[PDB]
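A.B. asks: Mind looking over this structure? Questions follow.
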Amino acid sequence: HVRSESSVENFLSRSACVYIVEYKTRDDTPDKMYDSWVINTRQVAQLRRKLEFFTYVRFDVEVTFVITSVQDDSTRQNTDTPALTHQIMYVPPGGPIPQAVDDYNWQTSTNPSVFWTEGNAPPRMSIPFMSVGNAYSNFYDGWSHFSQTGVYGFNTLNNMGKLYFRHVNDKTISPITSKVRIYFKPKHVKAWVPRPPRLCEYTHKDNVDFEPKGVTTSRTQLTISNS
Amino acid sequence: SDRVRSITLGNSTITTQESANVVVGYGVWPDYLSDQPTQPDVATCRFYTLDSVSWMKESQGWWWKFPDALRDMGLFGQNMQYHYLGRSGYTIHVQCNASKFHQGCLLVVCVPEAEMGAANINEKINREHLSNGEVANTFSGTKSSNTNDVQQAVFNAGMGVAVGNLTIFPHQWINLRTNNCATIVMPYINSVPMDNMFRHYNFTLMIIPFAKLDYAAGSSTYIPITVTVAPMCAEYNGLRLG
Amino acid sequence: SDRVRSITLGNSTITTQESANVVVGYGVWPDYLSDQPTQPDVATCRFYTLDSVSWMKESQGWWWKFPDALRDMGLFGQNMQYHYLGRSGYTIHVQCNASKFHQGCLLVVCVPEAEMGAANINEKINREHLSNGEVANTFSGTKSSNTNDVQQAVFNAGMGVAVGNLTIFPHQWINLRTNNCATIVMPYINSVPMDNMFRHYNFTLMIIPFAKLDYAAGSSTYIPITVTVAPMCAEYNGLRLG
Amino acid sequence: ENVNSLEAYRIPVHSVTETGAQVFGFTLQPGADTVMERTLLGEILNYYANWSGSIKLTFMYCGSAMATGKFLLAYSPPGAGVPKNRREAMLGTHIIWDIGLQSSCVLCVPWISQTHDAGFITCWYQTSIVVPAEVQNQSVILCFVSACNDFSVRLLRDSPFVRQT
Amino acid sequence: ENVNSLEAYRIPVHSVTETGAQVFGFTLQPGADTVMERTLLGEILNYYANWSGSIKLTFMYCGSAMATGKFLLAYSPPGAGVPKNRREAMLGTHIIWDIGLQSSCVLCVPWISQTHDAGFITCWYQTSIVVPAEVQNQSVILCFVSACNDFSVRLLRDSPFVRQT
Amino acid sequence: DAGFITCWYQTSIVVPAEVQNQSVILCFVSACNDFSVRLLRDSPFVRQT
C-alpha cells in the first residue's frame with residue numbers, strides 16, 4: 001500500500017538508449033565522417049508504447065552521450081594519435097543544417113555545441129520543453145497543412161530538434177570509427193487524457209498503421225475442470 | 001410516462017426522461033476561453049439531429065468525426081467557413097427506442113485524437129473514408145482490404161487497441177433491457193487553444209454493439225438509433241482592426 | 001494631417017479625420033428592441049466596403065437599396081438567408097478624395113420607403129432594375145424609357161418630387177472646396193418592429209452631383225467615391241423551443 | 001477462432017434441460033491467465049514484477065426484459081480445487097444472482113497477489129431461464145473487471161508483449 | 001530589375017480610368033516573405049526560430065498637396081483567401097483612407113506568429129486621384145513597419161543570410 | 001406561411017414476439033394563456049338556406 005511507483009514520473013523518467021550513431025575520422029565518401037539524429041520518441045518500441053499510454057505529454061529532456069572509439073585495421077596500427085575531440089551540435093526547430101564535415105554550419109552561433117576530449121566522464125546537456133503549443137501530441141487526428149495535401153497525422157508543431165556529430169580534429173592517418181550511444185531521459189513529466197495500450201505490433205515509425213491481431217490467447221474450452 | 005422534461009434550445013425542442021444519467025467528459029464543463037475572441041451566442045446553440053441508423057443482427061458499428069459531421073448544418077457550418085480558428089464543446093444525446101421483446105447492448109464512447117489505421121499498411125487514406133458528415137461510416141467484422149480506406153474491423157476499432165478496453169474514454173452502456181438513452185457532455189480537448197476546424201478532427205463518436213440485436217420470429221427486424229448533437233460555448237477569432 | 005483617428009471594428013480598420021461631422025438620422029441612435037430576440041453580437045459588425053464609383057463631368061447620380069446591398073457580404077448575408085425576420089441600424093461613411101484643383105458638390109441622403117416610379121406607367125418593374133447589391137444603379141439626365149425599368153431622371157429622382165426638396169431627409173453636403181467626407185447614422189424605421197429582409201427595402205442611399213465635377217485641361221478626368229457601410233445593433237428571431 | 005471477432009466477449013447462456021451445469025469459468029490470475037491477459041488491468045499489471053491488492057468483478061445480463069432465472073457465482077479460494085457439482089459449489093462461497101430483479105451483480109474478490117493458483121470463479125445454473133412466448137431464448141452475459149483502492153506495485157520491468165523488430 | 005535601385009521602395013499610384021483596380025499587395029509574413037525579408041524587423045526576426053507578437057504598418061502618401069482621393073486598405077485574415085474585387089475586399093476588414101485630409105494611415109495588424117499563410121494586405125482604388133491643372137498626375141506611396149510592445153522570441157539560431165567563404 | 005411540423009423516423013419500432021407491429025399516434029392542440037383577438041366577424045362555415 002504505497003502507490004509511489006505508479007506515478008507518471010516513476011514510470012516515464014528513466015534513461016534508455018534510443019539510437020546508435022556511427023561515424024569515422026578518415027574516408028573518401030564525404031558523408032561517412034558524420035551522422036545525425038532527428039529527435040523524437042518513436043524508435044524504441046518500449047518507450048513509444050509507454051508514451052502512447054497518454055495523448056498529450058510535456059517533459060524536459062536530459063541527454064547523456066556515451067562515446068567509444070575503435071580503430072579500423074590497416075597497415076598502420078602502429079601510430080601515436082593524440083586524444084580526440086568530438087562535437088555534438090544541437091539544431092533547434094528553425095535552425096540551419098550542415099551538409100558536410102567542413103560546412104560552415106558547424107561554426108554558426110545559435111546552434112549550441114559540446115566539445116568532449118577522450119577519457120573524461122560522458123557529456124550531458126539538458127533540453128527544455130521547446131514546442132510552440134502547450135504539450136506534445138502522441139496522436140494527431142488530422143492533416144498538418146491544407147488537408148488532403150500533406151501526410152495524415154503529422155503535427156508539425158511537436159518537433160524537438162536534431163543533433164549532429166563530427167570529429168573536431170583534422171583527418172588522421174589511420175581510420176578510426178566512433179560510435180556514440182544516446183541516453184534520452186525525460187524529466188518533469190505531465191500527461192493528460194489516458195488511453196488503452198496498443199495490441200498490434202508496429203509497422204512504421206511515422207503512422208499508427210497495423211495488421212489486425214487477435215484479442216487474447218485462445219483457450220480449448222469455456223468451462224474449467226480439475227487437474 | 002416517467003416525468004418527461006422538455007428541453008428547448010433555440011427554436012428546437014427534444015424530450016428527455018427524468019433520470020437522465022449525464023456523463024461529463026473528464027469532470028470539466030465546457031466554458032469560454034478565459035488576438036481577440038468572438039462568440040456566436042445562441043444562433044448556433046440548438047439541437048442538430050442526424051439520421052437514424054440501421055441496426056440489424058449483423059450490424060457491427062458506426063463512427064462519426066466531430067466537428068466534421070456538422071459542416072452542412074446551418075450557421076455552425078457557416079461559421080466554419082467564414083472564420084479561420086474555432087473552439088467549441090458538445091452535448092450528445094443518443095436515443096435508441098425499442099420494445100421489451102428486444103435484447104442487445106451498445107457502447108457509446110467519445111475518443112479524443114482517434115488516429116485511424118489504413119487497410120493497406122504504407123498507403124494513404126482519403127478523406128471520404130475517414131469522415132462523411134452525414135450518414136456514418138460502418139465497421140466491418142472481418143479484416144477489410146479496400147483501396148485507400150481505413151482498416152475496418154471491430155475487434156481493433158481502427159486504432160490497434162482491444163475494443164473491450166475502450167471504456168477508459170467517456171462512455172455509457174445502452175442496455176435495451178433497462179436503459180433507453182445515453183448522454184455524454186464533452187469539453188474542448190486540444191494541445192493548442194484554437195485549431196482550424198477543417199483539418200483537425202477533435203474526437204470520434206463510436207457506437208458498437210457488444211451484445212447483438214436479437215429478437216423473435218415475428219417482431220420488427222430493425223430498430224433505429226437517433227443521434228442528437230448540440231454545441232455548447234462556441235467561439236471564433238473574428239475580424240476587426242482595433 | 002489633421003489628427004486622424006483610426007476606427008477598428010471587428011477585423012477591419014478605416015481612417016477618419018478629427019472633425020467628423022456625424023449626422024444622426026432623426027436624433028435617435030440605433031439600439032436593441034426593448035417571440036424571442038437573438039442577436040449576432042460582433043461577427044457582423046464590421047466595415048463592409050463597396051466599389052468606388054465613376055464620377056465624370058456627365059455622371060448624374062447613383063442609388064443603393066439597403067439592406068439589399070449587403071446580401072453577398074459574408075455573415076450579414078448568411079444571417080439574411082438562415083433567419084426569417086430581421087432588424088438592424090446602419091452607419092455610412094462616404095469618402096470622396098480629390099485635389100484642390102477640382103470643383104463640385106454632392107448631396108448624400110437616406111430616403112426611407114423610397115417607392116420608385118416605373119418608366120412606362122402601368123407596367124411592372126423587375127428587381128434587377130430596383131436593386132443590384134453591388135455596383136449601383138445610375139440616374140439619367142433625360143426622360144428614360146426602357147422595358148420594365150425605373151423612370152430614371154435626376155430632376156424627379158424616380159419618386160415624383162423635386163430633387164431640390166430632398167434635404168428633408170438626413171443629408172450632408174460634400175463640397176470638394178471644403179468637405180471631404182460625409183457620415184450618416186441611420187436607425188431602424190418601419191411600421192412593424194421586424195420585417196423580412198428580402199422583400200422589404202428599408203431605405204435608399206442617394207448620391208447626386210448638384211454642382212458637377214469640373215477641372216482643368218491637364219488634371220485627372222475622374223475621381224472615385226468610396227462607400228463604407230457598417231451595421232449597428234442587429235438581431236434576428238432565432239430558432240429554439242423553450 | 002472466436003478470438004478474432006466480437007464474439008470473444010459474449011458469454012452464451014440459454015435454456016438448459018439439466019439444471020446443475022456450468023456456464024463459464026476461469027482461473028483468477030490477473031496478468032498470468034489468458035482470459036484477463038490483454039485487459040487494461042492486466043496491461044498495467046504486466047509492467048511490474050510484484051503487485052498486490054483486491055479485484056472487482058461485474059457481471060451484466062444482456063438478455064430481454066421478460067426473461068428471468070438464477071445463477072450461482074461460486075468463488076473457490078486458493079488451495080481449494082474446482083468444484084464439479086452445483087452442490088459442491090453451493091457449500092463453498094457462493095452468491096445467488098436473480099436475473100429478474102438485478103441486471104448486474106458486483107463481486108469484490110478478497111486478497112489476491114502475485115508476490116505481495118490464486119482462485120477460481122465459476123458460474124453454475126440454478127434454474128433454467130424462463131421465457132414467455134415471442135421472446136428469443138439465446139442470451140448473453142458480459143464481464144467487467146477493475147481494481148480497488150488498495151492496490152500496490154513494487155518493481156518496474158519490461159513488458160513481455162512488445163517484441164523488438 | 002527595380003531591386004537594384006531606389007525605385008524598389010516607391011509604390012506607383014496615378015489616375016486610373018477604372019475604379020476597382022488594385023494598387024499593391026503582399027503576403028503578411030515578416031521574415032519569410034521576400035518583401036519585408038531584409039527589413040530591420042525581418043533581420044531581428046531571422047535570428048530566431050520562434051517569434052510572436054503584433055505588427056504596425058504605416059502608409060505615407062508622397063504626392064502633391066493639391067491631389068485628393070481614397071484608398072481601401074483591406075486585411076485578409078489567415079485562412080481567408082485574397083479577394084479579387086473591390087467589393088469582395090469591402091465586405092471584409094477594410095479602412096477607407098482619404099488622401100486629402102490624412103497623409104499617413106497607421107494599421108496595427110492583430111495577432112501574427114510563426115510558431116508562437118498568416119494574412120494579406122491589399123490596396124484597392126476607391127476613387128481616382130483628382131488633380132487640378134499644372135499639377136503632375138504620377139505619385140508615390142511608401143510603407144513603414146515596426147513591432148508593438150508585446151513581441152517575444154524563444155530560441156536563438158544562426159541567420160540564413162551569412163554564408164561562409 | 002407560418003411554419004411546419006414534420007415527424008421523421010429515427011429508429012424503427014422494435015417489437016417482441018406475439019405483439020402487433022401496426023400502431024397509432026394521436027394529436028392534441030390548445031392555445032396558451034397569451035392569446036388575443038381583435039375584430040369579430042361572421043363565420044365562413046354557416047351558409048344560409
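Every chain in the C-alpha cells takes a letter, A first, then B, and so on in the order presented; its residues are numbered from 1, and the ligands are numbered from 1 following the presented order.
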What are the nearest atom pairs, with distances in Å to one decimal, for all residues of chain A that come at most 9 Å from chain B, using only C-alpha atoms, set out by chain and rising residue number as CSV?

C.D. replies:
residue,atom,partner,partner_atom,distance
A:55,CA,B:113,CA,7.6
A:56,CA,B:191,CA,7.1
A:132,CA,B:192,CA,8.7
A:133,CA,B:192,CA,5.4
A:134,CA,B:191,CA,5.5
A:135,CA,B:191,CA,5.5
A:136,CA,B:191,CA,7.3
A:137,CA,B:191,CA,7.3
A:139,CA,B:113,CA,5.9
A:140,CA,B:113,CA,5.5
A:141,CA,B:115,CA,4.7
A:142,CA,B:200,CA,4.3
A:143,CA,B:199,CA,5.5
A:144,CA,B:199,CA,7.3
A:145,CA,B:199,CA,7.7
A:146,CA,B:199,CA,7.1
A:147,CA,B:199,CA,5.4
A:148,CA,B:127,CA,6.9
A:151,CA,B:124,CA,8.1
A:152,CA,B:125,CA,7.7
A:153,CA,B:115,CA,7.1
A:193,CA,B:112,CA,8.1
A:194,CA,B:168,CA,7.4
A:195,CA,B:168,CA,6.3
A:196,CA,B:165,CA,6.0
A:197,CA,B:161,CA,6.3
A:198,CA,B:161,CA,4.8
A:199,CA,B:161,CA,4.9
A:200,CA,B:160,CA,5.5
A:201,CA,B:160,CA,8.4
A:203,CA,B:121,CA,7.7
A:204,CA,B:122,CA,8.2
A:207,CA,B:117,CA,7.8
A:208,CA,B:117,CA,5.6
A:209,CA,B:117,CA,4.3
A:210,CA,B:121,CA,6.3
A:211,CA,B:121,CA,7.5
A:212,CA,B:156,CA,6.7
A:213,CA,B:156,CA,7.9
A:214,CA,B:155,CA,7.6
A:215,CA,B:162,CA,6.1

A.B. asks: Skip stretch 116-126 of chain D itself and residues of its chain fewer than 2 positions away, then list as JSON, numbers by chain all residues within 9 Å of it, counting only C-alpha atoms.

C.D. replies: {"A": [223, 224], "D": [16, 18, 19, 20, 21, 22, 23, 24, 25, 26, 27, 28, 29, 50, 51, 52, 53, 69, 70, 71, 72, 73, 74, 75, 76, 77, 78, 79, 80, 81, 82, 83, 85, 86, 89, 96, 112, 113, 114, 128, 152, 153, 154]}

A.B. asks: With 8 Å as the cut-off and only C-alpha atoms counted, what is the closest atom pair between each nearby residue of chain E and chain A? Distances in Å to one decimal, ordered by chain and number, as a tab-separated table.

C.D. replies:
residue	atom	partner	partner_atom	distance
E:48	CA	A:94	CA	7.4
E:49	CA	A:94	CA	4.4
E:50	CA	A:94	CA	7.6
E:115	CA	A:132	CA	5.3
E:116	CA	A:132	CA	5.1
E:155	CA	A:92	CA	7.2
E:156	CA	A:110	CA	5.3
E:157	CA	A:110	CA	3.5
E:158	CA	A:110	CA	4.7
E:159	CA	A:96	CA	7.9
E:160	CA	A:96	CA	7.1
E:163	CA	A:104	CA	7.4
E:164	CA	A:104	CA	5.6

A.B. asks: Expressed in Å to a single decimal, how great is the separation between atom CA of residue B:182 and atom CA of residue B:51?

C.D. replies: 16.8 Å

A.B. asks: Write out as a VMD selection string the set of residues from stretch 133-168 of chain C that DSSP, computed on the backbone, places in helix (DSSP H, G or I).

C.D. replies: chain C and resid 163 to 168

A.B. asks: Distance cut-off 7 Å, counting only C-alpha atoms - which residues of chain B neighbour chain E? Return them as a ChimeraX atom specification.

C.D. replies: /B:35,84,239-241

A.B. asks: Suppose we keep N, CA, C and O atoms; can you now write the selection as a short mmCIF file (atom, residue, chain, number, x, y, z; two decimals), in the first residue's frame?

C.D. replies:
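Saved file part-v9.cif follows:
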data_model
loop_
_atom_site.label_atom_id
_atom_site.label_comp_id
_atom_site.auth_asym_id
_atom_site.auth_seq_id
_atom_site.Cartn_x
_atom_site.Cartn_y
_atom_site.Cartn_z
N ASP B 35 -5.80 38.81 -31.87
CA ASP B 35 -5.81 38.06 -30.63
C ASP B 35 -7.01 38.49 -29.78
O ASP B 35 -6.84 39.06 -28.71
N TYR B 84 -11.65 31.48 -39.30
CA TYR B 84 -10.42 30.75 -39.55
C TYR B 84 -10.00 29.84 -38.41
O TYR B 84 -9.49 28.75 -38.65
N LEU B 239 -13.10 39.27 -37.06
CA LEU B 239 -12.37 40.18 -37.93
C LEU B 239 -12.71 41.63 -37.61
O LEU B 239 -13.85 42.06 -37.79
N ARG B 240 -11.74 42.35 -37.06
CA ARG B 240 -11.83 43.79 -36.80
C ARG B 240 -10.45 44.39 -37.08
O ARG B 240 -9.58 43.75 -37.67
N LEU B 241 -10.26 45.64 -36.67
CA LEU B 241 -8.92 46.23 -36.62
C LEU B 241 -8.52 46.60 -35.20
O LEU B 241 -7.50 46.11 -34.71
#

A.B. asks: Can you tell me how far atom CA of residue A:8 sits from atom CA of residue A:189, in Å to one decimal?

C.D. replies: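 Interatomic distance, atom CA of residue A:8 to atom CA of residue A:189: 6.7 Å.
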
A.B. asks: So that I can see what lies close to residue C:233, please list as an MDAnalysis selection string the residues with an atom at most 10 Å from it, counting only C-alpha atoms and leaving out residues fewer than 5 positions away in the same chain.

C.D. replies: chainID C and resid 29:33 39:42 44:45 87:90 187:188

A.B. asks: Tell me, which residues of stretch 4-235 of chain C carry DSSP strand (DSSP E or B), written as an MDAnalysis selection string?

C.D. replies: chainID C and resid 5:9 11:16 22:24 38 48:49 53:55 62:65 86:95 103 105:112 118 137:138 150 172:175 181:186 195 203:208 214 223:235

A.B. asks: For residue F:12, work out the shell of residues within 9 Å, counting only C-alpha atoms and skipping chain neighbours fewer than 5 positions away, then give it as a PyMOL selection string.

C.D. replies: chain B and resi 52+54+97-98+220-225

A.B. asks: Could you dump the residues just selected with N, CA, C and O atoms as a PDB file, in the first residue's frame?

C.D. replies:
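Dumped everything to selection.pdb:
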ATOM      1  N   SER B  52     -31.323   8.563 -38.422  1.00  0.00           N
ATOM      2  CA  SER B  52     -31.308   7.312 -37.692  1.00  0.00           C
ATOM      3  C   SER B  52     -30.538   6.268 -38.484  1.00  0.00           C
ATOM      4  O   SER B  52     -30.542   6.266 -39.716  1.00  0.00           O
ATOM      5  N   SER B  54     -29.239   2.006 -38.979  1.00  0.00           N
ATOM      6  CA  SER B  54     -29.888   0.732 -39.262  1.00  0.00           C
ATOM      7  C   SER B  54     -29.198  -0.378 -38.487  1.00  0.00           C
ATOM      8  O   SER B  54     -28.131  -0.841 -38.896  1.00  0.00           O
ATOM      9  N   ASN B  97     -34.788   3.626 -29.421  1.00  0.00           N
ATOM     10  CA  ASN B  97     -36.095   3.202 -28.935  1.00  0.00           C
ATOM     11  C   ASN B  97     -36.449   1.796 -29.409  1.00  0.00           C
ATOM     12  O   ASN B  97     -36.352   1.481 -30.596  1.00  0.00           O
ATOM     13  N   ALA B  98     -36.868   0.953 -28.470  1.00  0.00           N
ATOM     14  CA  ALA B  98     -37.197  -0.426 -28.796  1.00  0.00           C
ATOM     15  C   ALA B  98     -38.179  -0.965 -27.772  1.00  0.00           C
ATOM     16  O   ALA B  98     -38.335  -0.414 -26.680  1.00  0.00           O
ATOM     17  N   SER B 220     -40.332  -6.681 -35.051  1.00  0.00           N
ATOM     18  CA  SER B 220     -39.690  -5.806 -36.018  1.00  0.00           C
ATOM     19  C   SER B 220     -38.210  -6.143 -36.101  1.00  0.00           C
ATOM     20  O   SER B 220     -37.531  -6.243 -35.077  1.00  0.00           O
ATOM     21  N   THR B 221     -37.707  -6.304 -37.323  1.00  0.00           N
ATOM     22  CA  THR B 221     -36.364  -6.811 -37.577  1.00  0.00           C
ATOM     23  C   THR B 221     -35.284  -5.747 -37.478  1.00  0.00           C
ATOM     24  O   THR B 221     -34.154  -5.994 -37.906  1.00  0.00           O
ATOM     25  N   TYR B 222     -35.602  -4.583 -36.923  1.00  0.00           N
ATOM     26  CA  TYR B 222     -34.896  -3.364 -37.275  1.00  0.00           C
ATOM     27  C   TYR B 222     -35.187  -2.245 -36.283  1.00  0.00           C
ATOM     28  O   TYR B 222     -36.323  -1.769 -36.240  1.00  0.00           O
ATOM     29  N   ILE B 223     -34.214  -1.782 -35.502  1.00  0.00           N
ATOM     30  CA  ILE B 223     -34.520  -0.640 -34.638  1.00  0.00           C
ATOM     31  C   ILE B 223     -33.618   0.549 -34.953  1.00  0.00           C
ATOM     32  O   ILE B 223     -32.444   0.370 -35.299  1.00  0.00           O
ATOM     33  N   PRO B 224     -34.136   1.774 -34.877  1.00  0.00           N
ATOM     34  CA  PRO B 224     -33.335   2.954 -35.200  1.00  0.00           C
ATOM     35  C   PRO B 224     -32.638   3.535 -33.981  1.00  0.00           C
ATOM     36  O   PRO B 224     -33.028   3.312 -32.836  1.00  0.00           O
ATOM     37  N   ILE B 225     -31.583   4.300 -34.254  1.00  0.00           N
ATOM     38  CA  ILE B 225     -30.775   4.944 -33.227  1.00  0.00           C
ATOM     39  C   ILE B 225     -30.672   6.412 -33.607  1.00  0.00           C
ATOM     40  O   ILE B 225     -30.026   6.752 -34.603  1.00  0.00           O
TER      41      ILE B 225
END

A.B. asks: Kindly determine which residues of chain D lie within 7 Å of chain F, considering only C-alpha atoms, and give the answer as an NGL selection string.

C.D. replies: :D and (133-135)

A.B. asks: Using only N, CA, C and O atoms, please write the residues we just selected to a file, as a compact mmCIF listing (two decimals), in the first residue's frame.

C.D. replies:
# COMPACT_ATOMS: atom_id res chain seq x y z
N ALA D 133 -43.75 -16.29 -24.57
CA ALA D 133 -43.83 -16.51 -26.00
C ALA D 133 -43.33 -15.28 -26.74
O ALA D 133 -43.37 -14.16 -26.22
N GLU D 134 -42.83 -15.52 -27.96
CA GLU D 134 -42.32 -14.49 -28.88
C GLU D 134 -41.16 -13.70 -28.28
O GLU D 134 -41.01 -12.50 -28.55
N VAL D 135 -40.35 -14.34 -27.44
CA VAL D 135 -39.13 -13.77 -26.90
C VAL D 135 -38.03 -14.79 -27.09
O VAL D 135 -38.22 -15.97 -26.78

A.B. asks: Return as a list in words the residues belonging to chain C that are within 6 Å of chain B, counting only C-alpha atoms.

C.D. replies: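 Listed by rising number, the hits are residues 8, 9, 10, 11, 12, 13, 239, 240, 241 and 242 of chain C.
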
A.B. asks: Provide the atom CA of residue B:106 to atom CA of residue B:211 distance in Å, to one decimal place.

C.D. replies: 7.2 Å

A.B. asks: Give me the residues of chain F that have any atom at most 12 Å from an atom of chain C; for each, the nearest atom pair and the distance in Å, rounded to one decimal. Use only C-alpha atoms, sort by chain and number, and format it as a tab-separated table.

C.D. replies:
residue	atom	partner	partner_atom	distance
F:1	CA	C:84	CA	11.3
F:2	CA	C:84	CA	10.8
F:3	CA	C:84	CA	10.9
F:34	CA	C:35	CA	11.6

A.B. asks: Quick one: residues within 12 Å of residue A:46, only C-alpha atoms counted, chain neighbours fewer than 2 positions away excluded, as number ranges by chain?

C.D. replies: A: 11-12, 14-18, 41-44, 48-53, 197-198, 201-202; D: 47, 157-165

A.B. asks: Create the file for the chosen residues now, containing N, CA, C and O atoms and written as a CSV table (one decimal), in the first residue's frame.

C.D. replies:
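Heads up, here's the output in part07.csv:
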chain,number,residue,atom,x,y,z
A,11,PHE,N,7.5,6.3,-13.9
A,11,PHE,CA,7.1,5.3,-15.0
A,11,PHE,C,7.7,5.7,-16.3
A,11,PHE,O,8.0,4.9,-17.1
A,12,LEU,N,7.9,7.0,-16.5
A,12,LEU,CA,8.4,7.5,-17.7
A,12,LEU,C,9.8,8.2,-17.6
A,12,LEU,O,10.5,8.3,-18.6
A,14,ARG,N,12.9,7.5,-17.0
A,14,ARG,CA,14.0,6.6,-16.9
A,14,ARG,C,14.8,6.6,-18.2
A,14,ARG,O,14.3,6.8,-19.3
A,15,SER,N,16.1,6.4,-18.1
A,15,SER,CA,17.0,6.5,-19.3
A,15,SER,C,16.9,5.3,-20.2
A,15,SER,O,16.7,4.2,-19.7
A,16,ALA,N,17.1,5.5,-21.4
A,16,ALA,CA,17.0,4.4,-22.4
A,16,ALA,C,17.9,4.8,-23.6
A,16,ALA,O,17.8,5.9,-24.1
A,17,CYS,N,18.7,3.8,-24.1
A,17,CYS,CA,19.4,4.0,-25.3
A,17,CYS,C,18.5,4.0,-26.5
A,17,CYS,O,17.7,3.1,-26.7
A,18,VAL,N,18.4,5.1,-27.2
A,18,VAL,CA,17.5,5.3,-28.3
A,18,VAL,C,18.1,5.2,-29.7
A,18,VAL,O,17.3,4.8,-30.6
A,41,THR,N,10.3,10.4,-30.2
A,41,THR,CA,10.1,9.4,-29.2
A,41,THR,C,9.5,8.2,-29.8
A,41,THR,O,8.5,7.6,-29.2
A,42,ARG,N,9.9,7.8,-31.0
A,42,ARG,CA,9.2,6.7,-31.8
A,42,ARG,C,10.2,5.8,-32.4
A,42,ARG,O,10.1,5.3,-33.5
A,43,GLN,N,11.3,5.5,-31.7
A,43,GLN,CA,12.3,4.5,-32.2
A,43,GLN,C,12.4,3.3,-31.3
A,43,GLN,O,12.3,2.1,-31.7
A,44,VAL,N,12.6,3.5,-30.0
A,44,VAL,CA,12.4,2.4,-29.0
A,44,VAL,C,10.9,2.1,-28.9
A,44,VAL,O,10.1,3.0,-28.6
A,48,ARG,N,7.9,4.1,-26.8
A,48,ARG,CA,6.8,4.5,-27.7
A,48,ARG,C,5.5,4.0,-27.1
A,48,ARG,O,4.5,4.8,-27.1
A,49,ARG,N,5.5,2.8,-26.6
A,49,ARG,CA,4.2,2.3,-26.0
A,49,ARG,C,3.9,3.0,-24.7
A,49,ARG,O,2.8,3.5,-24.4
A,50,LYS,N,5.0,3.2,-23.9
A,50,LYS,CA,4.8,3.8,-22.6
A,50,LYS,C,4.5,5.3,-22.7
A,50,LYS,O,3.9,5.8,-21.7
A,51,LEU,N,4.8,5.9,-23.8
A,51,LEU,CA,4.3,7.3,-24.0
A,51,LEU,C,2.9,7.3,-24.8
A,51,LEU,O,2.2,8.3,-24.7
A,52,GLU,N,2.6,6.2,-25.5
A,52,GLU,CA,1.2,6.0,-26.0
A,52,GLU,C,0.2,5.5,-25.1
A,52,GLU,O,-0.9,5.1,-25.5
A,53,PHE,N,0.6,5.4,-23.8
A,53,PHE,CA,-0.5,5.4,-22.8
A,53,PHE,C,-1.3,6.7,-22.7
A,53,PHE,O,-2.4,6.7,-22.2
A,197,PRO,N,-3.6,0.6,-24.1
A,197,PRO,CA,-2.3,0.3,-24.8
A,197,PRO,C,-2.5,-0.3,-26.2
A,197,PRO,O,-3.7,-0.7,-26.5
A,198,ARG,N,-1.5,-0.4,-26.9
A,198,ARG,CA,-1.6,-0.9,-28.3
A,198,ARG,C,-1.5,-2.4,-28.2
A,198,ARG,O,-0.7,-3.0,-27.4
A,201,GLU,N,1.3,-5.0,-33.4
A,201,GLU,CA,2.7,-4.6,-33.5
A,201,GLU,C,2.8,-3.3,-34.3
A,201,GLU,O,1.9,-2.9,-34.9
A,202,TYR,N,4.0,-2.8,-34.4
A,202,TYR,CA,4.3,-1.6,-35.2
A,202,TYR,C,4.8,-2.0,-36.5
A,202,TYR,O,5.6,-3.0,-36.7
D,47,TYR,N,3.6,-4.6,-16.3
D,47,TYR,CA,4.8,-3.7,-16.2
D,47,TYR,C,5.4,-3.8,-14.8
D,47,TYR,O,6.2,-3.0,-14.4
D,157,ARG,N,9.5,-3.3,-14.6
D,157,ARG,CA,10.3,-4.1,-15.6
D,157,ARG,C,9.8,-3.9,-17.0
D,157,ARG,O,8.9,-3.0,-17.2
D,158,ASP,N,10.4,-4.6,-17.9
D,158,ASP,CA,9.9,-4.5,-19.3
D,158,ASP,C,8.7,-5.4,-19.5
D,158,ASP,O,8.6,-6.5,-18.9
D,159,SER,N,7.9,-5.0,-20.5
D,159,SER,CA,6.7,-5.8,-20.7
D,159,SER,C,6.9,-7.0,-21.6
D,159,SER,O,7.7,-6.9,-22.5
D,160,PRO,N,6.3,-8.1,-21.3
D,160,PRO,CA,6.5,-9.3,-22.1
D,160,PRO,C,5.8,-9.3,-23.4
D,160,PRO,O,5.7,-10.4,-24.1
D,161,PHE,N,5.2,-8.2,-23.9
D,161,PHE,CA,4.4,-8.3,-25.1
D,161,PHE,C,4.9,-7.5,-26.3
D,161,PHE,O,4.6,-7.8,-27.4
D,162,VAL,N,5.8,-6.5,-26.0
D,162,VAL,CA,6.5,-5.8,-27.1
D,162,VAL,C,7.7,-6.6,-27.4
D,162,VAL,O,8.6,-6.8,-26.6
D,163,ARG,N,7.8,-7.0,-28.7
D,163,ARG,CA,9.0,-7.7,-29.2
D,163,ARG,C,9.7,-6.8,-30.3
D,163,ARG,O,9.0,-6.3,-31.1
D,164,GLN,N,11.0,-6.7,-30.1
D,164,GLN,CA,11.7,-5.8,-31.0
D,164,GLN,C,11.8,-6.3,-32.4
D,164,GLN,O,12.0,-7.5,-32.6
D,165,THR,N,11.7,-5.4,-33.4
D,165,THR,CA,11.9,-5.8,-34.8
D,165,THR,C,13.3,-6.1,-35.1
D,165,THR,O,14.2,-5.8,-34.3
